[PDB]
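Asker: Model the following, please.
(chains A, B, C and D, ligands or ions: 1)
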Amino acid sequence: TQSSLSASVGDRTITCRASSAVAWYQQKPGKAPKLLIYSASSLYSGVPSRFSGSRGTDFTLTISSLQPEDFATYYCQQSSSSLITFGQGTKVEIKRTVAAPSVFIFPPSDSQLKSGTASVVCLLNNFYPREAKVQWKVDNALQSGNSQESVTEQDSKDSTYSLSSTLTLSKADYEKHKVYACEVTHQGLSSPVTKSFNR
Amino acid sequence: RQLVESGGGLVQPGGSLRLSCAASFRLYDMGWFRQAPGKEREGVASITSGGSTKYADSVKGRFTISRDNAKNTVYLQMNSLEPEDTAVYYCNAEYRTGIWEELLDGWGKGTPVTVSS
Amino acid sequence: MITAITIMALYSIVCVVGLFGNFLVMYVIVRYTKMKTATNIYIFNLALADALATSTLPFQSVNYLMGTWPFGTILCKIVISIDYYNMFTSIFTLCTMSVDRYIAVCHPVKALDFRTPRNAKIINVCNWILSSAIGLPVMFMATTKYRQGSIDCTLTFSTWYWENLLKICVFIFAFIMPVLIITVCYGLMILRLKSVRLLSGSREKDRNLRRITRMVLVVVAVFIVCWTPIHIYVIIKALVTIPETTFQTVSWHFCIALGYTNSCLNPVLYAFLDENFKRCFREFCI
Amino acid sequence: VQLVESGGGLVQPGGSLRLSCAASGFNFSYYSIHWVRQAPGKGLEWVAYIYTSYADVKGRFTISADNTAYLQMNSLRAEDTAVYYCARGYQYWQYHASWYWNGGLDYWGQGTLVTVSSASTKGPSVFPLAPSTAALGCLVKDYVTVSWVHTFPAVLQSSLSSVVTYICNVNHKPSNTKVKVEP
Ligand SMILES: CCn1cc(CN2[C@H]3C=C(c4cccc(O)c4)[C@](C)(C[C@@H]3C(=O)OC)[C@H]2C)cn1
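Answerer: Numbers count the residues shown, from 1 in each chain, chains lettered A, B, ... in the order given. Okay, here it is:
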């Protein structure tokens, strides 16, 4: 029982709450995990000495000074009677100033309407931090269960996030209504920002 | 015949540990081996029935292995332990099932030693 | 009647099994050069003695039916001579085998030098001559007696002195001395096995040496168990002059039958206590 | 020490698959070979090792070893799609592990993608996102290499969108499908 940490390069404390000794792994995206700390206090061979582990009962992996290379997920792999139980994983992310999302709502294309499907895209671009809330209101009525959300990774240049909520519906349902909008809630926004269009 | 190892536990750096190996026709040789997660097994000690001992280069000056032929029990006194000596130490014994039998080797289950607290 | 024919059938079964097994042992020994080790030569000699002592069983078992010897006085001579040749040949062969094992174990440096198969054949020839030294008088002093009832084959002597002298010579020079030599050799082989980690260095060679020594010891113990009753019974019956009785006759018959049965018992021991012998007994029989 | 994983491919739900990865450069007796699964967009999960144990995947799974450890899966489900890793460990790690010791899976492989899908390759559908700095892009649905700029991770419907803040080219290698955005 470890979820997301934000810290700049060179900032000093993960926790994996429990009695077997825990092991700590690092995995970069699209890669295999690597072992860092085993036996709850012992370092792996060839590992920089910044990582250090401690046990009362809430085992903790602590890093003296973060680096750009050390930006990944930490998995505490705790043993038991006959089965090892991996932790949920904690992710460290680059600290950055709060950014205001730019909301653009996309009406369904004529080609897709002729095909028979309606898709409305609510796009949040260049916003920080990761946390956000997107709501759909159709004809001043909230909708749920008909959207999918995709979250991009941090950009190398701006260290921000881009999120899209995609609303897919049948052509007849889309033609039934005329007022379509998506409501975006974020910390930077004083009030929710809603972008509207007319069918 | 079963090989039982003990004496392994959590010890602060610089502490001392008394490893133990017990075997229940005649036991001529008994050895120890260490193995780290990112390293291959390295021989640490080797003792015959006569009592002559051979050590590793890094092990020398801190490891003492002696045989009690009366009880057929070997023990390893662990001194000046350092965190680099954190591994699972194995006891290996060579004996004969019977007087007319062949020479056979036996591998112990291994004891875990970690030097940190 | 019924007991007589049962005994005759048992003797015939033991005889045929003995010739078959011992001839098989001799053939598998002489078959291959890898079967020409020092121990195998003495196994060959023991099997040869057993085969010779079993070939005369049908003549000895037929006499139970009529109490007469129609085969001939020459056959009586040969049978009586082989009956005394068998003990000496087999026991001296076992003593030589046990001393050979000691030479192999406690003195491995000169073992390969002095255990050349030609040397082993020389020792087998010496065994044969030493057996002859007490068997040939039996060959010359055996003749048929034309009794009033029926012709019988018995020994003759010129008689209360020589008849007992032969028995004393057999019991001394053919049981006690070879048994003592075997015991003396093995009492040091055991200690040399216990106190030494590796005998021949090679683990496979050491295992083979220990296994063949175990087989030799088991064969020696089997022969001792099989031949103590008859030697001791013969000595005692002369010593205290045991009178004729049903129990005495049954014990005499059992002792002779078991001493003869040892000849057919040997192939079972070789088959059950040696992998090479077991493989050969199945390869050639198939 | 090298561990390379193979044996994973496209499967249908309810089927069976056998995975084995080779252990090279070390002795196999004094160790165990584990299997670690990672669902797409999810953490690490341990299923079994190769003295055998299974994750409470019990019954439906089968693992056996002989320089290879063979993992057999029976009654595959929709959730069973993941990325499978095999990692090295101690032989008696169940005995070795205690309150003060933990051997840890020291060495890892590369991962074998196991996908369970009751569907075949579908032709990608592209729609031009008309601009209502004006943002415009192309959307790909019901299928991907997209070339022209932000490209979002692929999503699975019960679908990826590319936006550039101009001609978009979308290429689907399995289907060999090749396909301007103006106000
Ligand atoms: C009907 C068959 N039969 C045979 C005999 C007598 N034999 C049996 C006993 C013997 C013996 C053993 C030890 C000391 C000794 O002085 C003599 C003989 C030499 C050999 C025969 C035997 O048992 O070894 C094969 C011989 C006189 C009487 N009946």
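Asker: just the helices in the stretch 51-200 of chain C please.
Answerer: In order along the chain, the stretch 51-200 of chain C carries the following helices (DSSP state H, counting those that start in this stretch): C:57-66, C:73-106, C:108-114, C:117-140, C:162-171, C:177-195.
Asker: Nearest to residue B:76, out of the ones you listed?
Answerer: Between residue B:76 and the helices of the stretch 51-200 of chain C, the tightest spacing by C-beta to C-beta is seen for helix C:177-195, at 26.1 Å. From N, CA and C alone the C-beta is placed, and that goes for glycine too.
Asker: From residue D:91, how far off is the spatially most central residue of chain A?
Answerer: In chain A, the C-alpha nearest the mean C-alpha coordinate belongs to residue A:130, at 5.7 Å (C-alpha atoms, centre = their mean). Residue A:130 sits 42 Å away from residue D:91, going by C-beta to C-beta, to the nearest Å.
Asker: distance of whichever residue of chain D sits closest to the ligand from chain A?
Answerer: Sorted by distance to the ligand under C-beta to the nearest ligand atom, the residues of chain D start with residue D:29, at 56.3 Å. Distance, residue D:29 to chain A, by C-beta to the nearest C-beta, to the nearest Å: 21 Å.
Asker: What residues does that residue make contact with?
Answerer: Neighbour list for residue D:29: residue D:91 [criterion: C-beta atoms under 8 Å, 6 or more residues apart in numbering or on different chains].
Asker: Now for residue A:82, how many residues are close by?
Answerer: 11 (other C-beta atoms under 10 Å in any protein chain shown).
Asker: quick one, helices of chain A?
Answerer: In chain order, chain A shows helices spanning A:110-115, A:171-176, with DSSP state H as the criterion.
Asker: According to the record, where do the domains of the chain fall?
Answerer: No chain in the question, so chain A it is. Following CATH domains of a matching chain, one finds the domains of chain A at A:1-96, A:97-199.
Asker: Chain D was what I was after
Answerer: Each domain of chain D, as a residue range, per CATH domains of a matching chain: D:2-116, D:125-180.
Asker: Which residue lies nearest the spatial centre of chain B?
Answerer: Relative to the mean C-alpha position of chain B, the nearest C-alpha, by C-alpha atoms, centre = their mean, is the one of residue B:32, at 3.1 Å.
Asker: Which residues of chain D lie near chain B?
Answerer: Selection of chain D residues close to chain B by C-beta under 8 Å from any C-beta of the partner chain yields D:26, D:30, D:90, D:92, D:95-96, D:98, D:100-101, D:103-104, D:106-107.
Asker: give me phi/psi at residue A:88?
Answerer: The phi and psi values for residue A:88, taken as degrees, to the nearest 10, are phi -70, psi -30.
Asker: what's the spacing between the closest residue to it other than its chain neighbours and the ligand?
Answerer: Taking C-beta to C-beta, 6 or more residues apart in numbering or on different chains as the measure, residue A:88 lies nearest to residue A:2, with 5.2 Å between them; neighbours along the chain are not counted. Noted for residue A:2: a distance of 89 Å to the ligand, by C-beta to the nearest ligand atom, to the nearest Å.
Asker: My read is that residue A:2 contacts residue A:90, right?
Answerer: Yes - counting by C-beta atoms under 8 Å, a contact exists between residue A:2 and residue A:90, whose distance comes to 5.0 Å.
Asker: Which neighbours do the two have in common?
Answerer: Common neighbours of residue A:2 and residue A:90, counting by C-beta under 8 Å, 6+ apart, are A:14, A:74.
Asker: Could you look up the SS state of the closest residue to chain C within chain D?
Answerer: Sorted by distance to chain C under C-beta to the nearest C-beta, the residues of chain D start with residue D:29, at 19.6 Å. Here residue D:29 is recorded as coil under DSSP: H, G, I helix; E, B strand; the rest coil.
Asker: How many residues are close by the residue of chain A found nearest chain B?
Answerer: Chain A approaches chain B most closely through residue A:45 (3.5 Å), counting by C-beta to the nearest C-beta. Residue crowding around residue A:45 was assessed by other C-beta under 10 Å; the count is 11.
Asker: Can you give me the distance of it to residue A:34?
Answerer: Residue A:45 is 11 Å from residue A:34, where distance means C-beta to C-beta.
Asker: same question, residue B:42
Answerer: Distance check for residue B:42 against residue A:34: by C-beta to C-beta, it reads 23 Å.
Asker: again with residue A:130
Answerer: Counting by C-beta to C-beta, the gap between residue A:130 and residue A:34 amounts to 24 Å.
Asker: so what does the helix or strand hosting residue C:268 touch, helix or strand wise?
Answerer: For residue C:268, the enclosing helix or strand under DSSP states H and E is helix C:246-272. Using 3 or more C-beta pairs under 8 Å, 6 or more residues apart in numbering or on different chains; DSSP states H and E as the contact definition, the elements that helix C:246-272 packs against are helix C:2-31, helix C:38-55, helix C:203-239, helix C:275-283.
Asker: Skipping adjacent residues, who's closest to the residue in chain B positioned nearest to chain C in space?
Answerer: Here chain B gets closest to chain C at one residue, residue B:102, 3.5 Å apart by C-beta to the nearest C-beta. Ranked by C-beta to C-beta, 6+ apart and with sequence neighbours excluded, the top spatial neighbour of residue B:102 is residue C:207, at 3.5 Å.
Asker: what sits against the one you found?
Answerer: Contacts were defined as C-beta under 8 Å, 6+ apart; by that measure residue C:207 touches B:101-103.
Asker: Format those residues as TSV; extra columns: distance to the ligand and secondary structure.
Answerer: Below are the contacts of residue C:207 laid out as TSV (distance: C-beta to the nearest ligand atom, whole Å; DSSP: H, G, I helix; E, B strand; the rest coil):
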residue	distance to the ligand	secondary structure
B:101	36	coil
B:102	38	coil
B:103	42	strand
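Asker: Quick one: which of these is the most crowded by neighbours?
Answerer: Of all those, the highest neighbour tally under other C-beta under 10 Å goes to residue B:103, namely 18 neighbours.
Asker: quick one: the spatially most distant residue from the centre of chain B and chain D, what's the gap?
Answerer: Checked against the mean C-alpha position of chain B, the extreme residue using C-alpha atoms, centre = their mean is residue B:100, at a distance of 27.5 Å. The span separating residue B:100 from chain D equals 28 Å under the rule C-beta to the nearest C-beta.
Asker: repeat for residue C:18
Answerer: Counting by C-beta to the nearest C-beta, the gap between residue C:18 and chain D amounts to 50 Å.
Asker: what sits against that residue?
Answerer: Residue C:18 neighbours (C-beta under 8 Å, 6+ apart): C:50-51, C:54, C:57, C:260-261, C:263-264.
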